[PDB]
Number of protein chains: 2
Amino acid sequence: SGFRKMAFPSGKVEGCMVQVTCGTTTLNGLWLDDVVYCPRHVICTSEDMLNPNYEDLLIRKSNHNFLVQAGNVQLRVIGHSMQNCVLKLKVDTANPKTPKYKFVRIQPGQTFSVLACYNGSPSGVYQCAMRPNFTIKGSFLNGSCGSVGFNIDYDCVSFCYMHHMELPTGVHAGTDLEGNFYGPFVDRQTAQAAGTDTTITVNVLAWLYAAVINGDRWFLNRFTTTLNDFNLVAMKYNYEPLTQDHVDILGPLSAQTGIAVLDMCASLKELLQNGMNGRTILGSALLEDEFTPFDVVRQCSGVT
Amino acid sequence: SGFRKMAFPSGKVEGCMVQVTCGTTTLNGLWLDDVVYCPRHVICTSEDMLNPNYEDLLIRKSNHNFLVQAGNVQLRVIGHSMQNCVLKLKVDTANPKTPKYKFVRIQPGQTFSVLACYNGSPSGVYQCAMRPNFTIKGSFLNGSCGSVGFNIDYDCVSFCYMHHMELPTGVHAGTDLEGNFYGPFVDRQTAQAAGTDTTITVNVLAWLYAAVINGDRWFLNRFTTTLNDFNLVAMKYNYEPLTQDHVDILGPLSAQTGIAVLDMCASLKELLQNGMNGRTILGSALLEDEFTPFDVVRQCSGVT
Ligand SMILES: O=C(c1cc(=O)[nH]c2ccccc12)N1CCN(c2ccccc2)CC1
Ligand SMILES: O=C(c1cc(=O)[nH]c2ccccc12)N1CCN(c2ccccc2)CC1
């Protein structure tokens with residue numbers, strides 16, 4: 001019992017964090033095999049950050065201008081290439097601590113752990129959701145760039161995110177491990193509009209299921225609804241519309257609790273229309289949307 | 001920018017998690033050097049859990065009856081002793097992954113990370129506070145016993161907690177690494193009263209300071225208060241009384257923001273008396289008390 005915002009154990013990922021220095025700028029890198037991945041803005045100066053020509057900038061750079069250090073051992077860089085918004089620095093040594101790994105592009109509404117790093121060292125790990133507008137509500141300071149997001153399936157690490165920037169609005173933007181940004185973001189120190197953000201309805205419902213499993217049942221009511229009626233309420237409250245796929249992904253939680261998904265939707269509809277009324281669900285005075293049905297099932301079943 | 005419930009990176013602690021089996025019962029253990037620590041209730045059966053004579057129970061047990069496995073290698077047990085509510089099983093092999101470590105007894109109001117484990121494997125890591133009533137609001141299922149709580153100072157792991165039980169009320173109780181329970185709890189399947197719990201006032205104030213640092217300033221007001229007046233309000237709202245020590249621990253955050261601690265107390269007094277009024281502070285619709293002034297400073301300065 002008990003429901004916490006749980007991150008994945010970060011060990012396999014800590015063994016991949018390195019420090020990448022280029023000129024005066026320093027950020028973090030991911031060392032997997034004989035390649036170190038990092039944001040390409042490591043080759044920038046605080047004059048060209050407004051609009052940098054990364055092609056012309058990387059041309060001024062040689063392998064020896066890229067210092068890669070893992071803990072205390074300096075790594076020898078033998079190659080450099082730009083792939084979208086990331087640099088891949090070939091090192092003459094494979095990482096002995098390289099776990100089984102995949103480079104995946106997650107969807108909005110999906111969750112992952114972030115291992116926040118400064119100078120190649122881990123400072124902390126937290127659980128995040130990729131907001132529908134492709135931003136993350138992280139905790140990142142100067143030097144945090146290159147920090148990665150990931151998930152762990154048994155022994156496999158699925159690298160899904162690499163941190164590149166903080167928007168002036170306080171939210172975080174970054175790329176997948178191929179350098180393609182999530183959202184309309186580009187790597188320039190320019191004001192960038194993060195789209196309108198909605199609430200991940202399927203996650204809010206999964207977290208309602210986690211609350212029923214863990215004893216909080218005040219929100220459960222004598223009503224049911226339809227997908228179309230519930231979506232009228234969801235649209236007014238800036239909530240993502242619920243599809244039949246979402247109802248199918250909620251199947252296991254509905255079976256485990258005996259509460260049909262549309263009955264749960266009706267409880268959420270009254271939580272949206274009437275509020276929490278000063279009450280709490282799983283220690284929270286608001287509707288939590290950063291736990292997918294997979295997270296709720298894994299945490300309420302102890303998958304290692 | 002951004003403020004998250006951040007746990008410590010769990011790597012050094014994952015390298016210490018083992019599986020301890022004794023009869024039919026299996027739980028987790030902490031392998032540091034040539035000793036594996038685990039809750040003593042591993043020698044119990046579901047008949048004697050009501051009131052077990054652990055001395056008579058451990059007498060029926062031999063070294064070979066204690067199976068210790070780390071990943072896939074079976075460890076050879078050469079000694080067994082009971083220290084309060086934990087067993088120390090001497091193994092003929094030291095843990096190669098033993099980090100620099102201390103066994104510390106934390107105070108209520110202090111925070112730590114929990115690496116939740118099942119069968120010696122890590123499933124997730126989360127940030128906790130030791131409630132003033134010595135319980136923790138964790139997330140633990142069957143097999144989670146032996147999961148440890150810790151903090152990390154550079155490379156040193158301070159083991160502060162070991163999980164033993166869940167109270168019927170949903171909260172978690174356990175011991176320090178010496179087997180002494182935090183609180184009035186004993187290791188029996190009996191209904192145990194967790195004392196009345198209060199809110200950690202000094203942490204709520206530190207989290208108000210974290211909110212000012214990260215841009216949320218709606219709660220700041222044109223008032224100041226006295227320690228004695230603020231404590232009248234704190235007592236009514238089941239909040240821990242604020243001492244001069246708490247005002248001194250809040251010194252650094254007060255200096256970093258230019259808001260005197262008693263001015264911050266006055267804002268908290270109006271948050272307690274008038275509520276949040278449907279607003280949020282750091283994405284939360286309630287007053288967060290699981291971040292100490294040390295956590296807020298470390299997260300708002302990036303200490304690795
Ligand atoms: O170090 C940071 C950074 C990241 C963060 O998430 N939060 C911060 C908060 C305060 C101060 C800095 C940060 N950079 C690095 C320069 N930067 C940048 C430069 C060129 C092209 C694209 C981005 C913006 C992001
Ligand atoms: O495995 C658990 C357990 C721990 C937990 O935190 N949450 C649970 C939720 C559901 C089912 C079990 C648990 N035990 C192990 C037996 N147990 C026990 C037995 C003898 C003496 C002291 C304690 C109580 C705690």
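- Structure determination for this PDB entry is given in the record as X-ray crystallography, at a resolution of 2.168 Å.

- The name the PDB entry gives chain A is 3C-like proteinase, with Severe acute respiratory syndrome coronavirus 2 as the organism.

### Quick look at the packing of helix 4 (residues 227-236) of chain B against helix 7 (residues 261-274) of chain B
Residue and element names in this part refer to chain B.
Right, so step 1: Put simply, helix 4 and helix 7 touch, their axes get as near as 10 Å, and they point 25 degrees apart. In terms of axis orientation, helix 4 runs roughly parallel to helix 7. The hand of the helix 4/helix 7 crossing is left-handed. Across the interface between the two elements, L227, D229, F230 and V233 from helix 4 touch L262, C265, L268, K269, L272 and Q273 from helix 7.
Right, so step 2: Looking at the contact of helix 4 with helix 7 residue by residue, the classes come out as 7 nonpolar, 1 polar and 2 charged.

### A look at the site of ligand 1
All names here are of chain A.
Right, so step 1: If you check the shell around ligand 1, you find 16 residues, and the closest are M49, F140, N142, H163 and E166.
Right, so step 2: Here an oxygen atom of ligand 1 sits 2.6 Å away from a polar atom, N or O, in the side chain of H163.
Right, so step 3: For ligand 1, the protein covers 78% of the area, taking 530 Å² as the surface of the free molecule.
Right, so step 4: Among the elements that make up the shell around ligand 1, the one with the highest residue count is strand 12 (residues 156-166) (4 residues).
Right, so step 5: Residue classes in the shell around ligand 1 are distributed as 6 nonpolar, 7 polar and 3 charged.
Right, so step 6: Shared between two domains, the shell around ligand 1 holds at least three residues of each, these being domain 1 (1-14 + 100-197) and domain 2 (15-99).

### Brief notes about the interface of chain B and chain A
Right, so step 1: Taken together, the contact between chain B and chain A spans 42 residues of the former and 42 residues of the latter.
Right, so step 2: Both sides of the chain B and chain A interface together cover about 3000 Å² of buried area, and 55% of this is carbon and sulfur.
Right, so step 3: Our enumeration of links across chain B and chain A arrives at 2 salt bridges.
Right, so step 4: Put simply, the parts of the chain that give the side of chain B that touches chain A at least two residues each are helix 1 (11-14), strand 9 (111-118) and strand 10 (121-129) of chain B.
Right, so step 5: Tallying contributions element by element places strand 10 of chain B first for the side of chain B that touches chain A, with 8 residues.
Right, so step 6: Its residues placed into classes, the side of chain B that touches chain A shows 17 nonpolar, 19 polar and 6 charged.

### A few points about the relation of the copies chain B and chain A
Right, so step 1: If you rotate chain B by 180 degrees and push it 0.0 Å along the axis, it lands on chain A with an RMSD of 0.0 Å. Those values place the two copies in the arrangement expected of a two-fold rotation axis. For chain B, the residue whose C-alpha comes nearest the rotation axis is B:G11, separated from it by 1.8 Å.
Right, so step 2: Of the interface residues in chain B, 100% have counterparts in chain A that sit at the interface too, so the contact is made through matching surfaces.

What counts, and at which threshold
We count residues from 1 along each chain, following the written sequence rather than the entry's numbering, and we skip any residue without coordinates. Each chain gets a letter, beginning with A, and each ligand a number, beginning with 1, in the order they are written. The basis for every side-chain value is the complete set of heavy atoms in the structure, and neither hydrogens nor water enter the calculation. Note on definitions: angles span 0 to 180 degrees between N-to-C directions of axes, and those axes are lines fitted to C-alpha atoms, for helices only across the stretch in contact. Numbered from the N terminus, helices here are DSSP runs of H or I no shorter than four residues, and strands are runs of E no shorter than two. Orientation is classified from the angle alone, with under 35 degrees giving roughly parallel, over 145 giving roughly antiparallel, 65 to 115 giving roughly perpendicular, and any other angle giving oblique. By convention the crossing between two helices is left-handed if the near helix lies anticlockwise of the far one by an angle smaller than a right angle, and right-handed if it lies clockwise. The contact definition used throughout considers only heavy atoms, calling two residues in contact when any of these lie within 4.5 Å. Only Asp, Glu, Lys and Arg are considered charged, only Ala, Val, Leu, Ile, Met, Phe, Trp, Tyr, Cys and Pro nonpolar, and every remaining residue, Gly among them, polar. To be near a molecule or strand, a residue needs just one of its heavy atoms within 4 Å of it. Polar contacts, as used here, are pairs of N or O atoms within 3.5 Å; protein pairs need one atom able to donate a hydrogen and one able to accept it. Residues neighboring in sequence count only if both atoms are side-chain atoms. Values of accessible area rely on a 1.4 Å probe in the Shrake-Rupley scheme; residue burial ignores everything except the protein chains shown. In this document the domain limits rely on a domain assignment from an automatic tool or a database. Buried area is a sum: the accessible area each of two parts loses on coming together, probed at 1.4 Å, counted once for each and added. Here, a salt bridge means any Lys or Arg side-chain nitrogen found within 4 Å of an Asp or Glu carboxyl oxygen. Structural superposition of the copies relies on a least-squares fit of C-alpha atoms.

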